[PDB]
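Okay, upload.cif now, which holds mmCIF, N, CA and C atoms:
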data_final
#
loop_
_atom_site.label_atom_id
_atom_site.label_comp_id
_atom_site.auth_asym_id
_atom_site.auth_seq_id
_atom_site.Cartn_x
_atom_site.Cartn_y
_atom_site.Cartn_z
N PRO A 5 7.74 16.16 16.54
CA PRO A 5 6.79 15.95 15.40
C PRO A 5 6.02 14.63 15.48
N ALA A 6 4.85 14.67 16.11
CA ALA A 6 4.03 13.47 16.24
C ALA A 6 3.05 13.38 15.10
N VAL A 7 3.55 13.73 13.92
CA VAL A 7 2.78 13.67 12.68
C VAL A 7 3.72 13.06 11.62
N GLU A 8 4.66 12.24 12.11
CA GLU A 8 5.65 11.54 11.27
C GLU A 8 5.57 10.02 11.43
N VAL A 9 5.06 9.34 10.41
CA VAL A 9 4.92 7.90 10.40
C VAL A 9 5.70 7.40 9.18
N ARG A 10 6.55 6.40 9.38
CA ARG A 10 7.37 5.86 8.29
C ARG A 10 6.55 5.01 7.33
N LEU A 11 6.98 5.01 6.07
CA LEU A 11 6.28 4.24 5.07
C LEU A 11 6.27 2.75 5.42
N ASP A 12 7.34 2.18 5.96
CA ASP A 12 7.26 0.77 6.24
C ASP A 12 6.22 0.45 7.35
N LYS A 13 6.20 1.27 8.40
CA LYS A 13 5.25 1.13 9.49
C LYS A 13 3.83 1.35 8.95
N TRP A 14 3.65 2.39 8.13
CA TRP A 14 2.36 2.66 7.54
C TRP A 14 1.82 1.49 6.75
N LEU A 15 2.65 0.91 5.87
CA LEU A 15 2.20 -0.21 5.03
C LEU A 15 1.76 -1.42 5.89
N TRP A 16 2.45 -1.62 7.00
CA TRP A 16 2.11 -2.69 7.92
C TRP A 16 0.80 -2.32 8.65
N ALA A 17 0.69 -1.06 9.09
CA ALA A 17 -0.52 -0.61 9.78
C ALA A 17 -1.73 -0.75 8.86
N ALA A 18 -1.55 -0.44 7.58
CA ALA A 18 -2.62 -0.54 6.60
C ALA A 18 -2.87 -1.99 6.16
N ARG A 19 -2.10 -2.93 6.71
CA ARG A 19 -2.21 -4.36 6.45
C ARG A 19 -1.85 -4.83 5.04
N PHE A 20 -1.02 -4.07 4.32
CA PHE A 20 -0.63 -4.48 2.99
C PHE A 20 0.39 -5.60 3.05
N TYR A 21 1.18 -5.65 4.11
CA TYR A 21 2.19 -6.70 4.29
C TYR A 21 2.09 -7.16 5.76
N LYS A 22 2.33 -8.44 6.04
CA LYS A 22 2.21 -8.98 7.41
C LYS A 22 3.08 -8.37 8.49
N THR A 23 4.29 -7.99 8.12
CA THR A 23 5.24 -7.41 9.06
C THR A 23 5.88 -6.19 8.44
N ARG A 24 6.45 -5.34 9.30
CA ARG A 24 7.15 -4.17 8.81
C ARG A 24 8.40 -4.59 8.02
N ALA A 25 9.06 -5.67 8.44
CA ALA A 25 10.28 -6.14 7.75
C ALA A 25 9.94 -6.54 6.33
N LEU A 26 8.78 -7.16 6.14
CA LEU A 26 8.40 -7.53 4.80
C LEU A 26 8.07 -6.24 3.98
N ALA A 27 7.35 -5.30 4.59
CA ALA A 27 7.02 -4.04 3.93
C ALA A 27 8.37 -3.35 3.52
N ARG A 28 9.36 -3.42 4.39
CA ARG A 28 10.66 -2.83 4.11
C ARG A 28 11.33 -3.54 2.89
N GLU A 29 11.20 -4.87 2.80
CA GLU A 29 11.79 -5.59 1.66
C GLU A 29 11.14 -5.26 0.35
N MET A 30 9.83 -5.09 0.39
CA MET A 30 9.10 -4.77 -0.82
C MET A 30 9.49 -3.37 -1.31
N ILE A 31 9.65 -2.44 -0.37
CA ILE A 31 10.04 -1.07 -0.70
C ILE A 31 11.42 -1.09 -1.35
N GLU A 32 12.37 -1.80 -0.72
CA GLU A 32 13.74 -1.90 -1.23
C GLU A 32 13.84 -2.65 -2.57
N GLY A 33 12.88 -3.56 -2.80
CA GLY A 33 12.82 -4.26 -4.07
C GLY A 33 12.20 -3.36 -5.15
N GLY A 34 11.79 -2.16 -4.77
CA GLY A 34 11.14 -1.29 -5.74
C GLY A 34 9.74 -1.78 -6.07
N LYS A 35 9.16 -2.61 -5.21
CA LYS A 35 7.80 -3.16 -5.42
C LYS A 35 6.71 -2.27 -4.84
N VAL A 36 7.15 -1.20 -4.19
CA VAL A 36 6.23 -0.19 -3.66
C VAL A 36 6.78 1.14 -4.19
N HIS A 37 5.95 1.95 -4.82
CA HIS A 37 6.42 3.26 -5.27
C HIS A 37 5.59 4.31 -4.53
N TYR A 38 6.22 5.45 -4.27
CA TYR A 38 5.60 6.60 -3.57
C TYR A 38 5.61 7.73 -4.61
N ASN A 39 4.42 8.22 -4.96
CA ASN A 39 4.27 9.25 -5.98
C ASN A 39 5.07 8.95 -7.24
N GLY A 40 4.94 7.70 -7.66
CA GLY A 40 5.55 7.27 -8.90
C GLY A 40 7.01 6.97 -8.89
N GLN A 41 7.66 6.91 -7.73
CA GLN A 41 9.09 6.64 -7.70
C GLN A 41 9.53 5.72 -6.58
N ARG A 42 10.72 5.16 -6.74
CA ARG A 42 11.29 4.34 -5.70
C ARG A 42 11.24 5.15 -4.43
N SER A 43 10.99 4.48 -3.31
CA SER A 43 10.97 5.18 -2.04
C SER A 43 11.95 4.49 -1.06
N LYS A 44 11.76 4.73 0.22
CA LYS A 44 12.65 4.15 1.21
C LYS A 44 11.81 3.91 2.41
N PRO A 45 12.19 2.92 3.23
CA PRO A 45 11.49 2.54 4.45
C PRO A 45 11.18 3.70 5.40
N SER A 46 12.12 4.65 5.53
CA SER A 46 11.99 5.77 6.47
C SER A 46 11.22 6.98 5.95
N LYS A 47 10.77 6.92 4.70
CA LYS A 47 9.99 8.00 4.11
C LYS A 47 8.77 8.33 4.99
N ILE A 48 8.57 9.60 5.29
CA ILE A 48 7.43 9.96 6.12
C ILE A 48 6.24 10.09 5.21
N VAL A 49 5.18 9.38 5.56
CA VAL A 49 3.97 9.34 4.76
C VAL A 49 3.20 10.66 4.83
N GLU A 50 2.69 11.10 3.68
CA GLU A 50 1.87 12.32 3.63
C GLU A 50 0.46 11.98 3.21
N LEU A 51 -0.54 12.72 3.70
CA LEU A 51 -1.91 12.43 3.27
C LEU A 51 -2.01 12.72 1.74
N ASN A 52 -2.84 11.95 1.06
CA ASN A 52 -3.07 12.05 -0.38
C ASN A 52 -1.92 11.67 -1.28
N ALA A 53 -0.93 10.99 -0.72
CA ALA A 53 0.19 10.53 -1.56
C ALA A 53 -0.35 9.34 -2.35
N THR A 54 0.25 9.08 -3.50
CA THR A 54 -0.16 7.92 -4.31
C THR A 54 0.89 6.83 -4.16
N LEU A 55 0.44 5.68 -3.67
CA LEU A 55 1.28 4.52 -3.47
C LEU A 55 0.84 3.45 -4.46
N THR A 56 1.81 2.83 -5.13
CA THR A 56 1.55 1.75 -6.08
C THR A 56 2.33 0.60 -5.46
N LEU A 57 1.63 -0.50 -5.23
CA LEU A 57 2.30 -1.61 -4.57
C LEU A 57 1.82 -2.94 -5.11
N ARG A 58 2.72 -3.90 -4.99
CA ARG A 58 2.50 -5.28 -5.42
C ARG A 58 1.84 -6.08 -4.29
N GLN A 59 0.74 -6.75 -4.61
CA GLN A 59 -0.01 -7.61 -3.68
C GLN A 59 0.05 -9.02 -4.29
N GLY A 60 1.01 -9.84 -3.88
CA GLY A 60 1.13 -11.17 -4.46
C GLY A 60 1.46 -10.89 -5.90
N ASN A 61 0.50 -11.09 -6.80
CA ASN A 61 0.77 -10.76 -8.19
C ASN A 61 -0.18 -9.66 -8.71
N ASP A 62 -0.89 -9.04 -7.76
CA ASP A 62 -1.82 -7.95 -8.03
C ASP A 62 -1.08 -6.62 -7.88
N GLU A 63 -1.55 -5.61 -8.59
CA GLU A 63 -0.99 -4.29 -8.45
C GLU A 63 -2.16 -3.45 -7.96
N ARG A 64 -1.90 -2.62 -6.97
CA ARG A 64 -2.94 -1.75 -6.46
C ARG A 64 -2.36 -0.36 -6.36
N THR A 65 -3.15 0.65 -6.71
CA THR A 65 -2.70 2.03 -6.58
C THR A 65 -3.65 2.62 -5.54
N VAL A 66 -3.12 3.10 -4.41
CA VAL A 66 -3.97 3.68 -3.38
C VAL A 66 -3.54 5.10 -3.02
N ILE A 67 -4.50 5.84 -2.49
CA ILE A 67 -4.28 7.20 -2.07
C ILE A 67 -4.32 7.16 -0.52
N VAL A 68 -3.32 7.74 0.13
CA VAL A 68 -3.28 7.75 1.61
C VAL A 68 -4.35 8.75 2.14
N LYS A 69 -5.25 8.25 2.96
CA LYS A 69 -6.34 9.05 3.55
C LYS A 69 -6.14 9.28 5.07
N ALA A 70 -5.29 8.47 5.70
CA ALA A 70 -5.04 8.64 7.15
C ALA A 70 -3.67 8.08 7.54
N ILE A 71 -3.11 8.56 8.65
CA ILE A 71 -1.84 8.06 9.17
C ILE A 71 -2.03 7.58 10.60
N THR A 72 -1.36 6.50 10.96
CA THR A 72 -1.51 5.90 12.27
C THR A 72 -0.31 4.99 12.50
N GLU A 73 -0.12 4.55 13.74
CA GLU A 73 0.98 3.65 14.04
C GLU A 73 0.44 2.32 14.48
N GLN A 74 -0.88 2.24 14.58
CA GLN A 74 -1.55 1.03 15.00
C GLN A 74 -2.02 0.18 13.83
N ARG A 75 -1.83 -1.14 13.93
CA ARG A 75 -2.30 -2.05 12.91
C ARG A 75 -3.63 -2.53 13.51
N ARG A 76 -4.75 -2.10 12.94
CA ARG A 76 -6.07 -2.49 13.43
C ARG A 76 -6.60 -3.68 12.64
N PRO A 77 -7.85 -4.13 12.91
CA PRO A 77 -8.40 -5.28 12.18
C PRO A 77 -8.69 -5.16 10.68
N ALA A 78 -8.70 -6.32 10.02
CA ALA A 78 -8.92 -6.42 8.57
C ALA A 78 -9.76 -5.32 7.93
N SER A 79 -11.03 -5.23 8.31
CA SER A 79 -11.93 -4.22 7.76
C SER A 79 -11.58 -2.80 8.25
N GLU A 80 -11.08 -2.69 9.47
CA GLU A 80 -10.72 -1.40 10.06
C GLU A 80 -9.48 -0.71 9.47
N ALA A 81 -8.37 -1.43 9.36
CA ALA A 81 -7.16 -0.81 8.80
C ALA A 81 -7.53 -0.27 7.43
N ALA A 82 -8.05 -1.18 6.60
CA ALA A 82 -8.49 -0.90 5.23
C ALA A 82 -8.97 0.55 5.01
N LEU A 83 -9.37 1.23 6.11
CA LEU A 83 -9.83 2.63 6.05
C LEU A 83 -8.74 3.70 6.09
N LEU A 84 -7.44 3.33 5.98
CA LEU A 84 -6.32 4.33 6.00
C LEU A 84 -6.00 4.81 4.56
N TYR A 85 -6.68 4.20 3.61
CA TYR A 85 -6.46 4.52 2.20
C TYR A 85 -7.70 4.27 1.34
N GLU A 86 -7.64 4.77 0.11
CA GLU A 86 -8.71 4.60 -0.86
C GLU A 86 -8.08 4.15 -2.18
N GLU A 87 -8.27 2.90 -2.55
CA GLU A 87 -7.74 2.42 -3.82
C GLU A 87 -8.37 3.24 -4.97
N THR A 88 -7.61 3.57 -6.02
CA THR A 88 -8.20 4.37 -7.09
C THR A 88 -9.16 3.49 -7.90
N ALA A 89 -10.14 4.14 -8.51
CA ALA A 89 -11.14 3.46 -9.32
C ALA A 89 -10.41 2.77 -10.47
N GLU A 90 -9.42 3.46 -11.04
CA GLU A 90 -8.66 2.90 -12.15
C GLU A 90 -7.92 1.66 -11.66
N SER A 91 -7.43 1.69 -10.43
CA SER A 91 -6.71 0.52 -9.91
C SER A 91 -7.69 -0.67 -9.70
N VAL A 92 -8.87 -0.40 -9.13
CA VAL A 92 -9.83 -1.49 -8.91
C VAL A 92 -10.23 -2.11 -10.27
N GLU A 93 -10.54 -1.26 -11.25
CA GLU A 93 -10.90 -1.76 -12.58
C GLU A 93 -9.80 -2.61 -13.18
N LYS A 94 -8.56 -2.14 -13.13
CA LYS A 94 -7.49 -2.92 -13.73
C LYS A 94 -7.38 -4.29 -13.09
N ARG A 95 -7.50 -4.32 -11.77
CA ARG A 95 -7.40 -5.58 -11.06
C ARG A 95 -8.53 -6.50 -11.52
N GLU A 96 -9.76 -5.98 -11.49
CA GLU A 96 -10.94 -6.74 -11.90
C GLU A 96 -10.72 -7.32 -13.29
N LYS A 97 -10.54 -6.44 -14.26
CA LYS A 97 -10.36 -6.91 -15.62
C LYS A 97 -9.34 -8.02 -15.71
N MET A 98 -8.21 -7.90 -15.04
CA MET A 98 -7.24 -8.98 -15.12
C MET A 98 -7.76 -10.28 -14.53
N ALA A 99 -8.54 -10.16 -13.46
CA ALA A 99 -9.14 -11.30 -12.77
C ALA A 99 -10.15 -11.98 -13.71
N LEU A 100 -11.01 -11.17 -14.33
CA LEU A 100 -12.01 -11.65 -15.28
C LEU A 100 -11.35 -12.40 -16.43
N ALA A 101 -10.42 -11.73 -17.11
CA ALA A 101 -9.71 -12.34 -18.22
C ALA A 101 -9.12 -13.67 -17.78
N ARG A 102 -8.61 -13.71 -16.55
CA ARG A 102 -8.05 -14.94 -16.01
C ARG A 102 -9.13 -16.01 -16.04
N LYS A 103 -10.26 -15.74 -15.39
CA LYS A 103 -11.37 -16.67 -15.35
C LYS A 103 -11.91 -17.02 -16.75
N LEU A 104 -11.63 -16.16 -17.73
CA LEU A 104 -12.06 -16.39 -19.11
C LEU A 104 -11.18 -17.42 -19.78
N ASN A 105 -9.88 -17.14 -19.85
CA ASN A 105 -8.95 -18.07 -20.46
C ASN A 105 -9.10 -19.42 -19.78
N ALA A 106 -9.74 -19.41 -18.61
CA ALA A 106 -9.97 -20.63 -17.85
C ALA A 106 -11.09 -21.45 -18.49
N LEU A 107 -12.25 -20.82 -18.68
CA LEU A 107 -13.42 -21.46 -19.27
C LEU A 107 -13.24 -21.63 -20.78
N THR A 108 -12.00 -21.87 -21.19
CA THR A 108 -11.65 -22.04 -22.59
C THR A 108 -10.25 -22.64 -22.69
#
Can you turn what I pasted into structure tokens?
Amino acid sequence: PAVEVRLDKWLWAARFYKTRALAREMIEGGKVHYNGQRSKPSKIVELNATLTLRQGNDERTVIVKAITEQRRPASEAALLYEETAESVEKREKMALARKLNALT
């Protein structure tokens, strides 16, 4: 089955975490959810799955659009998923509010 890529490898390939070991720690900390639930490092990624993950102190919800074992460049990897519009908005709004409480 050459259509089986682990969630920890995937998260690293998609550049969400610097190393697979870190991606594995985040998963085990419950900081990454797969279709709304705790997952595991060895979970095989499926196209269109919904992943919710912690980025520093940001939360992003992305939909898996491609699977690969290669970690490509910044702009290139970024193409293995599509962040949801609701996720981008939530992030923005929190960022804005941050900059607001700042100018006050």
Once DSSP has gone over the backbone, tell me which residues of chain A are in strand (DSSP E), as a PDB file with N, CA and C atoms, in the frame of the given file.
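Heads up, here's the output in part_26.pdb:
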ATOM      1  N   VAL A  36       7.150  -1.200  -4.190  1.00  0.00           N
ATOM      2  CA  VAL A  36       6.230  -0.190  -3.660  1.00  0.00           C
ATOM      3  C   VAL A  36       6.780   1.140  -4.190  1.00  0.00           C
ATOM      4  N   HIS A  37       5.950   1.950  -4.820  1.00  0.00           N
ATOM      5  CA  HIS A  37       6.420   3.260  -5.270  1.00  0.00           C
ATOM      6  C   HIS A  37       5.590   4.310  -4.530  1.00  0.00           C
ATOM      7  N   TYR A  38       6.220   5.450  -4.270  1.00  0.00           N
ATOM      8  CA  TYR A  38       5.600   6.600  -3.570  1.00  0.00           C
ATOM      9  C   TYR A  38       5.610   7.730  -4.610  1.00  0.00           C
ATOM     10  N   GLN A  41       7.660   6.910  -7.730  1.00  0.00           N
ATOM     11  CA  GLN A  41       9.090   6.640  -7.700  1.00  0.00           C
ATOM     12  C   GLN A  41       9.530   5.720  -6.580  1.00  0.00           C
ATOM     13  N   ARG A  42      10.720   5.160  -6.740  1.00  0.00           N
ATOM     14  CA  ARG A  42      11.290   4.340  -5.700  1.00  0.00           C
ATOM     15  C   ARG A  42      11.240   5.150  -4.430  1.00  0.00           C
ATOM     16  N   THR A  54       0.250   9.080  -3.500  1.00  0.00           N
ATOM     17  CA  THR A  54      -0.160   7.920  -4.310  1.00  0.00           C
ATOM     18  C   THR A  54       0.890   6.830  -4.160  1.00  0.00           C
ATOM     19  N   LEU A  55       0.440   5.680  -3.670  1.00  0.00           N
ATOM     20  CA  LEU A  55       1.280   4.520  -3.470  1.00  0.00           C
ATOM     21  C   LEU A  55       0.840   3.450  -4.460  1.00  0.00           C
ATOM     22  N   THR A  56       1.810   2.830  -5.130  1.00  0.00           N
ATOM     23  CA  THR A  56       1.550   1.750  -6.080  1.00  0.00           C
ATOM     24  C   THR A  56       2.330   0.600  -5.460  1.00  0.00           C
ATOM     25  N   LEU A  57       1.630  -0.500  -5.230  1.00  0.00           N
ATOM     26  CA  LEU A  57       2.300  -1.610  -4.570  1.00  0.00           C
ATOM     27  C   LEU A  57       1.820  -2.940  -5.110  1.00  0.00           C
ATOM     28  N   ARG A  58       2.720  -3.900  -4.990  1.00  0.00           N
ATOM     29  CA  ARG A  58       2.500  -5.280  -5.420  1.00  0.00           C
ATOM     30  C   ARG A  58       1.840  -6.080  -4.290  1.00  0.00           C
ATOM     31  N   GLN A  59       0.740  -6.750  -4.610  1.00  0.00           N
ATOM     32  CA  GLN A  59      -0.010  -7.610  -3.680  1.00  0.00           C
ATOM     33  C   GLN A  59       0.050  -9.020  -4.290  1.00  0.00           C
ATOM     34  N   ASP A  62      -0.890  -9.040  -7.760  1.00  0.00           N
ATOM     35  CA  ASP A  62      -1.820  -7.950  -8.030  1.00  0.00           C
ATOM     36  C   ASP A  62      -1.080  -6.620  -7.880  1.00  0.00           C
ATOM     37  N   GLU A  63      -1.550  -5.610  -8.590  1.00  0.00           N
ATOM     38  CA  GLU A  63      -0.990  -4.290  -8.450  1.00  0.00           C
ATOM     39  C   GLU A  63      -2.160  -3.450  -7.960  1.00  0.00           C
ATOM     40  N   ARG A  64      -1.900  -2.620  -6.970  1.00  0.00           N
ATOM     41  CA  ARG A  64      -2.940  -1.750  -6.460  1.00  0.00           C
ATOM     42  C   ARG A  64      -2.360  -0.360  -6.360  1.00  0.00           C
ATOM     43  N   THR A  65      -3.150   0.650  -6.710  1.00  0.00           N
ATOM     44  CA  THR A  65      -2.700   2.030  -6.580  1.00  0.00           C
ATOM     45  C   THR A  65      -3.650   2.620  -5.540  1.00  0.00           C
ATOM     46  N   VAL A  66      -3.120   3.100  -4.410  1.00  0.00           N
ATOM     47  CA  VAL A  66      -3.970   3.680  -3.380  1.00  0.00           C
ATOM     48  C   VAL A  66      -3.540   5.100  -3.020  1.00  0.00           C
ATOM     49  N   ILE A  67      -4.500   5.840  -2.490  1.00  0.00           N
ATOM     50  CA  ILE A  67      -4.280   7.200  -2.070  1.00  0.00           C
ATOM     51  C   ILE A  67      -4.320   7.160  -0.520  1.00  0.00           C
ATOM     52  N   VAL A  68      -3.320   7.740   0.130  1.00  0.00           N
ATOM     53  CA  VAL A  68      -3.280   7.750   1.610  1.00  0.00           C
ATOM     54  C   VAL A  68      -4.350   8.750   2.140  1.00  0.00           C
ATOM     55  N   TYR A  85      -6.680   4.200   3.610  1.00  0.00           N
ATOM     56  CA  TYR A  85      -6.460   4.520   2.200  1.00  0.00           C
ATOM     57  C   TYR A  85      -7.700   4.270   1.340  1.00  0.00           C
ATOM     58  N   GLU A  86      -7.640   4.770   0.110  1.00  0.00           N
ATOM     59  CA  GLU A  86      -8.710   4.600  -0.860  1.00  0.00           C
ATOM     60  C   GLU A  86      -8.080   4.150  -2.180  1.00  0.00           C
ATOM     61  N   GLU A  87      -8.270   2.900  -2.550  1.00  0.00           N
ATOM     62  CA  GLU A  87      -7.740   2.420  -3.820  1.00  0.00           C
ATOM     63  C   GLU A  87      -8.370   3.240  -4.970  1.00  0.00           C
TER      64      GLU A  87
END
Run the PyMOL selection byres ((chain A and resi 12) around 8) against the file shown and list the residues it catches, as a short mmCIF file (atom, residue, chain, number, x, y, z; two decimals) with N, CA and C atoms, keeping the file's coordinate frame.
data_model
loop_
_atom_site.label_atom_id
_atom_site.label_comp_id
_atom_site.auth_asym_id
_atom_site.auth_seq_id
_atom_site.Cartn_x
_atom_site.Cartn_y
_atom_site.Cartn_z
N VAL A 9 5.06 9.34 10.41
CA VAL A 9 4.92 7.90 10.40
C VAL A 9 5.70 7.40 9.18
N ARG A 10 6.55 6.40 9.38
CA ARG A 10 7.37 5.86 8.29
C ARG A 10 6.55 5.01 7.33
N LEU A 11 6.98 5.01 6.07
CA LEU A 11 6.28 4.24 5.07
C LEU A 11 6.27 2.75 5.42
N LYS A 13 6.20 1.27 8.40
CA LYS A 13 5.25 1.13 9.49
C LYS A 13 3.83 1.35 8.95
N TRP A 14 3.65 2.39 8.13
CA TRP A 14 2.36 2.66 7.54
C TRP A 14 1.82 1.49 6.75
N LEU A 15 2.65 0.91 5.87
CA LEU A 15 2.20 -0.21 5.03
C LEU A 15 1.76 -1.42 5.89
N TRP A 16 2.45 -1.62 7.00
CA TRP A 16 2.11 -2.69 7.92
C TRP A 16 0.80 -2.32 8.65
N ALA A 17 0.69 -1.06 9.09
CA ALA A 17 -0.52 -0.61 9.78
C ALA A 17 -1.73 -0.75 8.86
N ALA A 18 -1.55 -0.44 7.58
CA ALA A 18 -2.62 -0.54 6.60
C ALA A 18 -2.87 -1.99 6.16
N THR A 23 4.29 -7.99 8.12
CA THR A 23 5.24 -7.41 9.06
C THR A 23 5.88 -6.19 8.44
N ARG A 24 6.45 -5.34 9.30
CA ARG A 24 7.15 -4.17 8.81
C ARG A 24 8.40 -4.59 8.02
N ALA A 25 9.06 -5.67 8.44
CA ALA A 25 10.28 -6.14 7.75
C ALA A 25 9.94 -6.54 6.33
N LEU A 26 8.78 -7.16 6.14
CA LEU A 26 8.40 -7.53 4.80
C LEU A 26 8.07 -6.24 3.98
N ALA A 27 7.35 -5.30 4.59
CA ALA A 27 7.02 -4.04 3.93
C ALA A 27 8.37 -3.35 3.52
N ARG A 28 9.36 -3.42 4.39
CA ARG A 28 10.66 -2.83 4.11
C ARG A 28 11.33 -3.54 2.89
N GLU A 29 11.20 -4.87 2.80
CA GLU A 29 11.79 -5.59 1.66
C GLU A 29 11.14 -5.26 0.35
N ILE A 31 9.65 -2.44 -0.37
CA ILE A 31 10.04 -1.07 -0.70
C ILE A 31 11.42 -1.09 -1.35
N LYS A 44 11.76 4.73 0.22
CA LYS A 44 12.65 4.15 1.21
C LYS A 44 11.81 3.91 2.41
N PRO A 45 12.19 2.92 3.23
CA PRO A 45 11.49 2.54 4.45
C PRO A 45 11.18 3.70 5.40
N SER A 46 12.12 4.65 5.53
CA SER A 46 11.99 5.77 6.47
C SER A 46 11.22 6.98 5.95
N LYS A 47 10.77 6.92 4.70
CA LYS A 47 9.99 8.00 4.11
C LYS A 47 8.77 8.33 4.99
N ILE A 48 8.57 9.60 5.29
CA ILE A 48 7.43 9.96 6.12
C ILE A 48 6.24 10.09 5.21
N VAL A 49 5.18 9.38 5.56
CA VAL A 49 3.97 9.34 4.76
C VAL A 49 3.20 10.66 4.83
#
* Å distance separating atom CA of residue A:75 from atom CA of residue A:94, one decimal place -> 27.2 Å
* Structure fact -> Taken to one decimal, the atom CA of residue A:33-atom N of residue A:97 distance is 25.6 Å
* Answer key for the PyMOL selection byres (((chain A and resi 59-62 and name CA) around 12) and name CA), residues as a ChimeraX atom specification -> /A:15,19-22,26-27,30,35-36,56-58,63-66,91-99
* Asked: atom C of residue A:100 and atom C of residue A:68, how far apart in Å?
  ->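 Computed distance, atom C of residue A:68 to atom C of residue A:100, equals 29.0 Å.
This file, filtered with the PyMOL selection byres (((chain A and resi 51-54 and name CA) around 6) and name CA), gives the residues residues 38, 39, 50, 55, 66, 67, 68 and 69 of chain A.
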* **alpha helix (DSSP H) residues, from DSSP on the backbone, in chain A, as a PyMOL selection string** => chain A and resi 11-17+24-32+78-81+89-106
Please, what is the axis-aligned box for every listed atom of stretch 44-55 of chain A with 5 Å on each side, as centre and edge lengths in Å to one decimal, as lines of an AutoDock Vina configuration file?
center_x = 4.8
center_y = 7.6
center_z = 1.0
size_x = 25.7
size_y = 20.2
size_z = 20.9
Would you fill out stretch 43-56 of chain A with N, CA, C and O atoms and return it as a compact mmCIF listing (two decimals), keeping the file's coordinate frame?
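rebuild10.txt, written as the output of this step:
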# COMPACT_ATOMS: atom_id res chain seq x y z
N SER A 43 10.99 4.48 -3.31
CA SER A 43 10.97 5.18 -2.04
C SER A 43 11.95 4.49 -1.06
O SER A 43 12.84 3.76 -1.47
N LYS A 44 11.76 4.73 0.22
CA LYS A 44 12.65 4.15 1.21
C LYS A 44 11.81 3.91 2.41
O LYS A 44 10.79 4.59 2.60
N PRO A 45 12.19 2.92 3.23
CA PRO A 45 11.49 2.54 4.45
C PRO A 45 11.18 3.70 5.40
O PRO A 45 10.14 3.71 6.03
N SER A 46 12.12 4.65 5.53
CA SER A 46 11.99 5.77 6.47
C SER A 46 11.22 6.98 5.95
O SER A 46 11.02 7.94 6.68
N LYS A 47 10.77 6.92 4.70
CA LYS A 47 9.99 8.00 4.11
C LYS A 47 8.77 8.33 4.99
O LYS A 47 8.01 7.44 5.40
N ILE A 48 8.57 9.60 5.29
CA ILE A 48 7.43 9.96 6.12
C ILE A 48 6.24 10.09 5.21
O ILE A 48 6.27 10.80 4.22
N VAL A 49 5.18 9.38 5.56
CA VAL A 49 3.97 9.34 4.76
C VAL A 49 3.20 10.66 4.83
O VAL A 49 3.11 11.30 5.90
N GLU A 50 2.69 11.10 3.68
CA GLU A 50 1.87 12.32 3.63
C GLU A 50 0.46 11.98 3.21
O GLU A 50 0.27 11.04 2.43
N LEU A 51 -0.54 12.72 3.70
CA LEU A 51 -1.91 12.43 3.27
C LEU A 51 -2.01 12.72 1.74
O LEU A 51 -1.32 13.59 1.22
N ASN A 52 -2.84 11.95 1.06
CA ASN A 52 -3.07 12.05 -0.38
C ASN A 52 -1.92 11.67 -1.28
O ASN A 52 -1.92 11.99 -2.46
N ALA A 53 -0.93 10.99 -0.72
CA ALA A 53 0.19 10.53 -1.56
C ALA A 53 -0.35 9.34 -2.35
O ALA A 53 -1.29 8.65 -1.90
N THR A 54 0.25 9.08 -3.50
CA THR A 54 -0.16 7.92 -4.31
C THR A 54 0.89 6.83 -4.16
O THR A 54 2.07 7.04 -4.49
N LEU A 55 0.44 5.68 -3.67
CA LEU A 55 1.28 4.52 -3.47
C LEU A 55 0.84 3.45 -4.46
O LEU A 55 -0.36 3.16 -4.58
N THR A 56 1.81 2.83 -5.13
CA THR A 56 1.55 1.75 -6.08
C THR A 56 2.33 0.60 -5.46
O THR A 56 3.54 0.71 -5.14
